[PDB]
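Okay, so here's just one chain, in structure tokens, the form solved without this ligand.
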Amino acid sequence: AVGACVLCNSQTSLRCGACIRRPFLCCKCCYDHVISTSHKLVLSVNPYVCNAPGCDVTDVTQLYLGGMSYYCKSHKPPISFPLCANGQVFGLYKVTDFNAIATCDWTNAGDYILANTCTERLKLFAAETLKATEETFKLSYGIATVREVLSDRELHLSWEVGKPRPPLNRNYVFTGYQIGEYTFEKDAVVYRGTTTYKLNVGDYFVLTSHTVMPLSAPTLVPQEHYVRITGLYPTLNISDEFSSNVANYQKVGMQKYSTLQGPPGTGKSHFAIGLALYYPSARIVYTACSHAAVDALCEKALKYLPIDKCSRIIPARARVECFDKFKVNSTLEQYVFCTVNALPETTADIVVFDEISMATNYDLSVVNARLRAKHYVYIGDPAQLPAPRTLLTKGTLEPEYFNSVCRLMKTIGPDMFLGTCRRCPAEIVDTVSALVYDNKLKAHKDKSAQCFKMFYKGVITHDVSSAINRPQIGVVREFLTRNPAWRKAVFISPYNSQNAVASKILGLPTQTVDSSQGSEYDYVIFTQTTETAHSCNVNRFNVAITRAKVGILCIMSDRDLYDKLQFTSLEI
């Protein structure tokens, strides 16, 4: 039990026994913690507990030292010093924010605000504590058991009594029993095995609670600015395609780390892959939280970089189908594409972390711990969607609080900004530029005259809490008959239950706003479904309308966002 203080690094024998992570706290900090919170169990070699037989005094403020032993006020010998005196807790080698991180239930937005405005070591304490709290919460849900097997994609489930039922969306991944990971959608339920298996009756499913490893590396390394490009060797022969990013690629070699804010369709993949063509000898590890973000980087690399110098790292516990054109699990290749949780312990000349709004501080820290690099480039957009915070139910998490990188991009600004959207028709670019980009995003395409908006509240029904608006889907069905070109549109809504209804009624492929992020489609049909804080989130709204290359039909519930859409209004 010999470690360093999470608040001031001072070496100590003390750990908080009431904290779920049991942080090492020094004499002067440990006191400031026990004296201000319900946390009174202090751990050393032995806990600070009354040594008198059958005594239940564990509160450090009610204990004293009797020689080399610990006793309460009722058992202490005449010659005994209190454990808590003069701003310190007795220990070898002799905070308001730490108390709030240590005691909070992570259900308030203010908990996440603090976990991002605090000191660097407190961001790791916050990130570990949050993730451990999120896992112990997965145990609170009831066990689903197979009652009947309808077919290869449908079954009926028997839930546990006394324990609540977890939300049934793709976000919540189950573990069958060890028959593989499984997912559910809406008494006929749709089952989806990450592995194909003849669903047996009696088999059960649990949300896999994974052990939270402690954090060691910071979320962001200390910034270093250099007079020249360091450890990287630029080409003089640089393809005209990537000439627009040359000044920014040099900025990347003259700093330890750099932030790139790239609104939708401004060239993030192009910038990331073009950085390899600019430093041709440099080993680049490409990382992101999701398999789809890593796969999008592989698709752009397949087009510009040699396939023999690339490798897609796939964890043996495969959950979804990912990129198959590179040699798999060769961490020895010059270009390594890998999700954060699968990263090996290696080194790199450049580390590119894409879709930075989806990262948590836990992920930022894991990347710094597994990858030791000369340069780190963080690419994403704080105006796009963050990682879901399953415990957060009160308050809204603002972009400057998503993670350390997003905090920097929203306060000091990003080091680099891609200001030209090449994907969207001008109507959409002008709407999101004013909405989330402070009028700094510019349109490359002209107005398509195929961006429509309809103010139609319809009727809101609910599959549990996931919302449906059948009259909004009815308006879409009516529109499709009059606009058959839109037969090829992707249907998007903020709710998976709305999507299930629209899939059966319209037959269009379906995507939630959160799963559509990073993807593009010629035509998009968006139904807002509700006027909630979720369906009105400006970041979700921004993602939803920036998926479209040619046209979009927005069936709106919120007068506010409807009025902001610079689209042609439709009647009915």
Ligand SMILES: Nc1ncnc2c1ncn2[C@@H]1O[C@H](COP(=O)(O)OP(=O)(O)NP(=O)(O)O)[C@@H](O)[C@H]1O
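Numbering starts at 1 and runs along the sequence shown. Here, rigid core means the biggest group of C-alpha atoms that superpose within 1.5 Å across both forms.
Just so it is clear, the following notes concern the form deposited with this ligand bound, a form of the same protein that is not shown.
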item: Contact label in the deposited bound form: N116 to this ligand, heavy atom within 4.5 Å; value: no
item: Heavy atom of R423 within 4.5 Å of this ligand in the deposited bound form; value: yes
item: Contact label in the deposited bound form: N46 to this ligand, heavy atom within 4.5 Å; value: no
item: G265: touches this ligand in the deposited bound form, heavy atom cutoff 4.5 angstroms; value: yes
item: Option touching this ligand, based on a heavy atom within 4.5 Å in the deposited bound form, out of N99, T194, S269, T133; value: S269
item: Interface residue in the deposited bound form among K457, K300, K76, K186, criterion: non-hydrogen atom within 4.5 angstroms of this ligand; value: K300
item: Options 108-116, 317-325, 236-244, 146-154; stretch whose heavy atom lies within 4.5 Å of this ligand in the deposited bound form; value: 236-244
item: Position that moves between this form and the one not shown after core superposition, taken from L332, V328, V464, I307, with Cα shift of 2 Å or more; value: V464
item: Cα displacement of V436 between this form and the one not shown reaching 2 Å, rigid core superposed; value: yes
item: Exceeds or equals 2 Å, Cα of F491 between this form and the one not shown, core fit; value: yes
item: C-alpha of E427 off by 2 Å or more between this form and the one not shown on rigid core; value: yes
item: Distance direction in the deposited bound form for the C-alpha atoms of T393 and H462, relative to the displayed form (3 angstroms or more); value: farther
item: Cα-Cα trend for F491 and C322, given that in the deposited bound form the distance shifts by 3 Å or more; value: closer
